[PDB]
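Questions regarding the structure given below will be posed in turn.
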């Protein structure tokens, strides 16, 4: 019932990817999180200014 | 505690002292198996697997098995 | 029967976490691209002015 | 695809007509290749004709270099048409498989006959010429697509895992390109967003440094026979030749806009030879055109300007991403209401399990407080 | 609550492992033993520390069942075997293997005599094989 | 790896788990075989083989 | 075409011997599939009870094999060589005599290198039979 | 998705493992097996007597002699060998009869 994880793990192991830690990808994705409303307001203002100019 | 090399695991505390002090203990809700619970002897009140079968009885059973293993040929020897 | 299964089982948590983060990233990108477009329409005052001029006033 | 008796009968019936058609195609393709080779030798760059050597920086092993050993003949349309190039590519695939089978036959004498029976029972490694009707051709294409589905995910996973484990992207745009490159075919990938991955991987690995296992996976995904694989510079040469022909045809089509005038079936075949459009997807002309335009966009303006395509590894991954179907999920959600460890219910809980339940259960705070207070009292008494 | 197992840990403590970030942290500050959220995760201190999760009866707001269209993916292939089917196959195979190994162990350690016994009462003394037959010219 | 499990606090608790019951039975066998050997092999009526000097492993391996 | 290379080609139904298999898996899982059962390279588990149960059983069956199959050969050789050099000569004795001889062999085994050497070295002047008794 | 370990059957996975994953190791192992069976697959009767028996060679019945006797009897009977031939004995049949009458 979580097929993507299963397929990725099985393929990684079948291609000699035994290791179970990926520090680099985690570092790229660790700080990802849904933004707050104020952050959304700031981003929308930035986009509107960019479109205007 | 330890029994030879086997050490009894201990649960790490998770509550702080302030929160812990506010906890009200009610042993009435606890199961009869664990009342007056003691970390140094948590299985004192635990039920026996077989009623009336003591640890010493099993120890003596093993000793008797050894005695049989060593003495049976003395009483019922067999030819080559 | 023993080794590959164990290493797959070890892999599962990290992959699950990374895929959840990836989906959150997709949702965040979807939200971030939304901007309200305020359109500008010809002011009716000029229309009124042109109407007056047509009257020869 | 697994072998079957029906396919065995089909191939046995069409064996000799298939051989005759293969011989005719061999003559035609030899003519086409003679024209192309003469043109390459006459007008080719000095490095391409002289076969300049490019060695790895670690073990100094020679391999084809994309920039030097690959050349796009922009003026090939004068001598050779697009259809001739497609025919040559198809014949190259069929000839590769036939040559491997013939080598096995010559090596093992008459002992390859049962292996031949196994071979004719499956359409995976038989030539296209063995199909004399539309239904047979459809089944053969289905078998090829099945093999591609079987092989491609391993290649994609190899590439992605190696890069992610041993390296990370430099900038955010590269991160986005890398992440979106390996998405499933159910979503549409923007070639402009994905292109920087080519330069990033050129920084990591070029086609001249491709490893032998990754090469084996790629050749599997391209329906290229791999046994005997041998050194990596043989199937590597096959891959280089096939993609050089594909790039020449792509330049011809882009310059002459032939795909717009190309018919539906020919367009589908053109996309298929690029590993963009599976036949089992039942794509229409709109989807085929979208995929072909995305492929051309991924090639980039520099391809037309100078005949330089992006990194071949990344290009192969991008095109094979269309065979990376979403992971299968079958079964109604109601199945999640069941239990998996009912067979253990008869065993119950032992003393240790009861202790764990008591300590970590809803009464955990009370037990923790009582235990800590008792320990503190005992420590105070000891002191 | 039942006695069933949970997501395997390997006897590891997730608050100090190399992939600890992949395990969610609860209010008490104890990282979960699984990618799932666990409220009552604990740590036990033997010679080495190990994390534990005790199953309990907890109610969770259940989102209504979606449609099959939005979560079913019919990309199954003839070579594909599901994890449940694989588990069934391996369970049966290991059951039969266990029976065979049990029989073999019994025969070896309680019935099979050792070869080349001094008295000759038990076990074979060896013999020759592949001897020529019907080849008078050989001699 | 010796991480956890039932651990009886003293002898009397070995009967609180079947596995430790079997363990204590085995320990009883182990320790009680020694007194049996003491009694059997230090018996008054035990007699050395008269023909013990006829043959020995020492001459065989030599 | 004759045999499938894929494990998916089933030879039996999914429900074949479901119950016994579930019982066997219940036996396997109850003690092993636990957080504290962390193995060291799959060979050394973390559950104490596994050691407590398996060490005695292994020792018991190994000892039974050694006593009834391996040391028996040495005992029989001693009996044969010391009492005629032939199996029939030994069988000419009574069960009690064989018991005495075998227990003397056990004595010799227990002494090993840490004991008196008169058990195999004949002191000068001893009246007991020598090595050439049966020759 | 397809994986060799999960989808292929055991013999197929074995062949794949020892042909495309550890082929050199398999080749070396086969070489060593051939060497062992070509140079370390013989045991003389004296060696068997010295070390070939758990408690020692039981000279009182000489099972090696019985084994060789059975071997030679079987060979002679099956192959129809005339052990009285001059080459085996080094003398003519008449000389053999004369010797038999003498002794």
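Each chain carries a letter (A, B, C, D, E, F, G and H) given by its place in the written order, and its residues are counted from 1.
One rule holds for everything that comes next: a residue touches a chain if its C-beta (ideal position, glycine included) is under 8 Å from a C-beta of that chain, and two chains touch if they have at least 3 such contacts.
**Student:** Out of curiosity, which chains are bumping into both chain D and chain G?
**Tutor:** B, E, F, H
**Student:** Quick check: more C-beta contact pairs in E-G or E-H?
**Tutor:** Answer to which pair has more contacts is E-G.
**Student:** Compute the distance, rounded to whole Å, between the mean C-alpha positions of chain B and chain E.
**Tutor:** Whole-Å distance between the two chain centres: 29.
**Student:** In whole angstrom, what separates the CA-based centres of chain A and chain B?
**Tutor:** Between these chains, centre-to-centre, one finds 51 Å.
**Student:** Just curious, how far off is chain G from chain A if you go by their C-alpha centres, in Å?
**Tutor:** Computed from C-alpha means, the inter-chain centre distance equals 60 Å.
**Student:** List the centre-to-centre spacing of chain D and chain F in whole Å, with centres computed as mean CA coordinates.
**Tutor:** 66
**Student:** Using the touch rule from the top of the page, what residues of chain G touch 2 or more other chains?
**Tutor:** Answer for chain G, listing residues that touch two or more other chains: 4-8, 25, 29-30, 35-39, 46, 48, 70, 73-74, 76-77, 80, 87.
**Student:** Return the residues of chain F touching two or more other chains; collapse runs of consecutive numbers into ranges.
**Tutor:** In chain F, 1-7, 16-17, 25-26, 37, 40 touch at least two other chains.
**Student:** Among the residues of chain C, pick out those that touch two or more other chains and give their numbers.
**Tutor:** Where chain C meets two or more other chains at a single residue, that happens at 4, 10, 12, 14, 16-17, 22, 25.
**Student:** Using the touch definition from the top, list the residues of chain B that touch chain D in their complex.
**Tutor:** Contacts found on chain B: 11, 13-15, 20-21, 23-27, 29-31, 33-34, 37-39, 42-43, 46.
**Student:** Name, in rising order, each residue of chain B that touches chain F in their complex.
**Tutor:** Contacts found on chain B: 1-3, 5-9, 40-44, 46-50, 53-56, 58-67, 69-71, 74.
**Student:** In the complex, go through chain A and note every residue touching chain E.
**Tutor:** Within the complex, chain A touches chain E at residues 3, 6, 20-21, 26, 30.
**Student:** Going by the contact rule set out above, which residues of chain A touch chain H in the complex?
**Tutor:** Where chain A meets chain H, its residues are 7, 10-11, 13-14.
**Student:** Inside the complex, what are the residues of chain A that reach chain D?
**Tutor:** 1, 3-4, 6-8, 11-12, 14-17, 19, 22, 24-25, 27-28
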